[PDB]
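Peer 1: Below is the structure I would like to discuss, written out as structure tokens.
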Amino acid sequence: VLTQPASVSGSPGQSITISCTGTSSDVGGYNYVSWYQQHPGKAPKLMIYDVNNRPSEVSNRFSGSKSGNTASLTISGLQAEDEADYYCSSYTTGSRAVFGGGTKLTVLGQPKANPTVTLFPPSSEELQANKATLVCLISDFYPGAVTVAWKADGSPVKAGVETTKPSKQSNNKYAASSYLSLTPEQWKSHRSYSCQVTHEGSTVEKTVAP
Amino acid sequence: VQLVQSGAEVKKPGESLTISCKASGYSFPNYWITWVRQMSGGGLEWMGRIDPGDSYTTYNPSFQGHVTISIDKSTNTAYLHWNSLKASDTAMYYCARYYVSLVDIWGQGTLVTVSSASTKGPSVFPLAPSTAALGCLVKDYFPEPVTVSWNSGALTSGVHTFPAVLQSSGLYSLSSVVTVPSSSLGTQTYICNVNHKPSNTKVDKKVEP
């Protein structure tokens, strides 16, 4: 495994560099170093090959460098679209090949966005099957850290809570989900249930009632 | 030039598995075929390469003896085969054309899930309107994935299928929400089409107030 930094960040317009350190059986014995860009849910795309050669579909903002057993990928005019995972590859002795661990490139200028909360109560079709589930859908938030708390009549609900890790949307904002599993008797006993979402100190509440 | 890969695979540890990669649009015996593994949340792992001119192969030592790369020159096909799967083999596997030093063309990827847990089909419930937001809860399924369409493909605007939650039971839940004009709720039928290929589940639920 070739050694890359786990994370690298930068601001729009700035120039960031990702290192890739190998041995002399990979980076230092050959001039065959490839750089791949991978977006979530996509296959990797060739960005740089043969150390410095660049394919025609890659902006000239992408350059390659080699210094001994260390290789380098430079990205010059940082755009939000450059946020992805970057992998270095090398040809290794024995007609073999080796990939790196990955670098997560982060563009650090995104604007704070507040979450929209949508709370759905249990459906009649589900209460008929002797089941109850409340659904909290949190959308359009940045940065990607939230806290979810459930309350039944103001009292903190402890069990039946299942929350997702925040995940990026198409708008580069984050989405999350919380599910509160209840029995129909708990659902029909309390006057109201609330899903509270805390993001960057601010809390947004939604309530449903049978 | 396309490298079309075989469908997703849900298997149990110890079972055999063969995944295929069909090449088209170029002279097959002139390019190497490489296989790359990527686990969920992990990085790229080179596994091996094969020359379809004389079937000569080279493997990553961590995979040698556990997987086999093979070729069918008469059908432009590359094969990756396990005699006995391990749960550690759960990952996405890409076939790719390898030319000298680079990987220029990739396949779409074959998702391989190896689990001793049982394939469970989901239960679909409607999340009703109370702009309006309608939805569908897809509850208790294994493995992933589930696909949700609205109106047999005609409703594509306002569609947010939120990501799934692995619950403590070892099952998954998902929710898909379509935001619609609050004035269509009485004049427009909204049906969620839930498809879960691992269990062969295909359900359609109408969401009504």
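Peer 1: Just the number, please: percent antiparallel of the DSSP beta bridges in chain B, rounded to the nearest 5. Each step should come with its number before you reach the end.
Peer 2: Values: 70 of 74 bridges.
Roughly 95 percent of the beta bridges in chain B run antiparallel, per DSSP.
Peer 1: Given a Förster radius of 41 Å and the C-beta distance between A:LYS165 and B:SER16 as r, what FRET efficiency does 1/(1 + (r/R0)^6) yield to the nearest 0.05?
Peer 2: Values: r = 34 Å, r/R0 = 0.83.
The calculated FRET efficiency here is 0.75.
Peer 1: Please list the three semi-axes, largest first and in whole Å, of the ellipsoid equivalent to the range A:7-107, using sqrt of 5 times the eigenvalues of its alpha carbon gyration tensor. All intermediate terms of the calculation are to be shown ahead of the outcome.
Peer 2: Working: eigenvalues 102, 37, 31 Å².
Largest first, the range A:7-107 gives 23, 14, 12 Å.
Peer 1: Quick one: length gained pulling A:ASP50 to A:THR203 fully straight, 0.36 nm per residue minus the C-alpha distance? Please report the intermediate quantities before stating the final value.
Peer 2: Values: separation 153, 0.36 × 153 = 55.08 nm, distance 5.15 nm.
Result: 49.9 nm gained on full extension.
Peer 1: Here is a further query. Suppose every K and R has +1 on its Cβ and every D and E has -1 on its Cβ; what is the size of the dipole of the protein assembly as shown about the Cα centre, in Debye to the nearest 20? Write down the numbers at each step before the final one.
Peer 2: Working: 31 positive and 27 negative charges, 53 e Å.
Charge dipole, the protein assembly as shown, about its Cα centre: 260 debye, nearest 20.
Peer 1: Can I ask one more? I'd like the FRET efficiency for B:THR189 and A:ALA129, computed as 1/(1 + (r/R0)^6) with the beta carbon distance as r and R0 of 22 Å, rounded to 0.05.
Peer 2: On the way: r = 24 Å, r/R0 = 1.08.
The pair B:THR189/A:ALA129 has a calculated efficiency of 0.40.
Peer 1: Which value does Rg/Rh take for the range B:123-206 over its C-alpha atoms, Rh per Kirkwood? Working shown, then result.
Peer 2: Values: Rg = 12.9 Å, Rh = 13.1 Å.
That ratio is 0.98, to two decimals.
Peer 1: To continue, here is another question. Could you tell me the calculated FRET efficiency between A:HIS39 and B:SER62, based on Cβ-Cβ distance and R0 = 25 angstrom, to the nearest 0.05? It would help to have the intermediate numbers written out before the result.
Peer 2: Numbers: r = 27 Å, r/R0 = 1.07.
After rounding, the FRET efficiency stands at 0.40.
Peer 1: Sticking with this one: Plugging the Kirkwood radius over Cα pairs into Stokes-Einstein for the protein assembly as shown, at a temperature of 37 °C and a viscosity of 0.692 mPa s, what D comes out in µm²/s?
Peer 2: Values: Rh = 24.0 Å.
Estimated via Stokes-Einstein, D reaches 137 µm²/s.
Peer 1: Enumerate by residue number the trypsin sites (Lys or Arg not before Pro) in the range B:148-209 meeting two conditions: DSSP loop (anything except H, G, I, E, B), and at most 11 other Cβ atoms within 10 Å of the site's Cβ. Write down the numbers at each step before the final one.
Peer 2: On the way: sites: B:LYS202, B:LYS205, B:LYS206; in loops: none.
Those that pass, being in a loop and sparsely packed, number zero.
Peer 1: While we're here: Mind ordering A:10-17, B:29-36 by average Cβ neighbours within 10 Å, highest first? Don't jump to the answer; show the numbers that get you there.
Peer 2: Numbers: A:10-17: 13.8, B:29-36: 20.5.
The peptides rank, most packed first, as B:29-36, A:10-17.
Peer 1: Fewest first, what order do A:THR92, B:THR57 take by the number of other Cβ atoms within 10 Å?
Peer 2: B:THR57, A:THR92
Peer 1: Moving to a separate point now. Sequence-distant or interchain residues sharing an amide H contact under 5 Å with A:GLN169, placed H: which?
Peer 2: Counting only residues 5 or more places away or on other chains, the set is A:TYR174, A:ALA175.
Cβ atoms come from the backbone with ideal geometry, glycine included; neighbour counts cover every protein chain shown. No value in this document is a laboratory result; all are computed from the given coordinates.
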